[PDB]
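A lone chain, given as structure tokens: the form deposited in one PDB entry.
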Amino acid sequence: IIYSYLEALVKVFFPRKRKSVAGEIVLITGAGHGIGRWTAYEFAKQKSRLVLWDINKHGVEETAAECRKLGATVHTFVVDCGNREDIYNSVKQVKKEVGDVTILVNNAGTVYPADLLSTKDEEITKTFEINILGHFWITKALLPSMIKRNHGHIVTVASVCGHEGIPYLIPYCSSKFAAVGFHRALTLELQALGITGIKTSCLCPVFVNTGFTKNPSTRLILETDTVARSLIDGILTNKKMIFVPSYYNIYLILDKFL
């Protein structure tokens, strides 16, 4: 309420400059539904060339048909973004068919809500493999070309779960904290290496009504199109930590004072 009217005031008197992403080759994982699908529509309206990845073939082709109706060029690939071998083989395919990815959006995610003793060890493994390990394989495959050209943008889709824990979501919160840490260390390392042209953004939304989980963990709801608008607005202005809603940054700051 107090931050909501103060930030809207700061966005007019002190606006951040918007860059263009037209013609960029944007790779979005988990583009077959929810945040990934609606982020794809935002980049299609930005006149980007899209590469969409997902284990759900039907859904990613449905996202691609809608992006093409928006005027964009789109290539889809069925890729398990938690499988290292599949990711590397698919990067070879993208280079051969599309070119060098310039903007990577690591959005694919998985969750198996349960208290620690009711979890399956395979679900814990899959949570890490997709929510953080997969970011490493995809980033390692696409970063060389971005470094060579001094031009890229690594977007990590994490969660408020990457900043604060939640009961019954221990393995998921842990993998989301791992995603925030990967974004922070990546940001610092690129800067230490003198690589000025590669930007980084972390998207941390609260509960989004996508069916990913059933209900919010608190007495809080975000729509998918709002989160995609927040993400694209943050990417175009090179915002490093994007909270949706942005006022959640003060709740997290107050937690570090108790």
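Only residues modelled in both forms are compared. Start at 1 with the first residue shown and count on from there. Whichever C-alpha set is largest while still superposing within 1.5 Å between the two forms counts as the rigid core.
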Note to self: Please classify the coordinate gap between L220 and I221 in terms of deposited residues: none, 1 to 3, 4 to 9, or 10 or more.
What the structure shows: 1 to 3
Notebook entry, point to check: Of 233 to 241 and 12 to 20, which one has the bigger average CA B-factor?
Noted result: 12 to 20
Note to self: Per the record, averaged over C-alpha atoms, which has the higher B-factor: 188 to 196 or 24 to 32?
What the structure shows: 188 to 196
Notebook entry, point to check: By its CA B factor, does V208 count among the lowest, middle or highest third of the modelled residues in the chain?
Noted result: highest
Margin query: Ranking the modelled residues of this chain by C-alpha B-factor as given in the entry, is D225 in the lowest, middle or highest third?
Written below: highest
Notebook entry, point to check: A72's Cα B-factor: lowest, middle or highest third of the chain?
Noted result: highest
Next item on the list: Would you please rank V155 by its C-alpha temperature factor against the other modelled residues of its chain and give the third it falls in: lowest, middle or highest?
Entry: lowest
Item checked: CA B-factor ranking of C81, expressed as a third of its chain -> lowest
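Same protein, other form: the form deposited in another entry, not shown, and the subject of what follows.
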Check: Aligning on the rigid core, do we see the C-alpha of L252 shift 2 angstroms or more between this form and the one not shown?
Finding: no
Next item on the list: Classify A22 as shifted (yes) or not shifted (no) between this form and the one not shown, where shifted means its C-alpha moves by 2 Å or more with the rigid core superposed.
Entry: no
Next item on the list: Inspect the rigid-core superposition and answer whether the C-alpha of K11 shifts by 2 angstroms or more between this form and the one not shown.
Entry: yes
Notebook entry, point to check: Taking the shown form as reference, are the C-alpha positions of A8 and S230 brought closer or pushed farther apart in the other form, with a change of 3 Å or more?
Noted result: farther
Notebook entry, point to check: Relative to the form shown here, do the C-alpha atoms of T200 and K11 sit closer together or farther apart in the other form, given a change of 3 Å or more?
Noted result: farther
Note to self: Which residue stretches between this form and the one not shown come out as moving, taking only runs of at least three where every Cα shifts by 2 Å or more after core superposition?
What the structure shows: 1 to 13
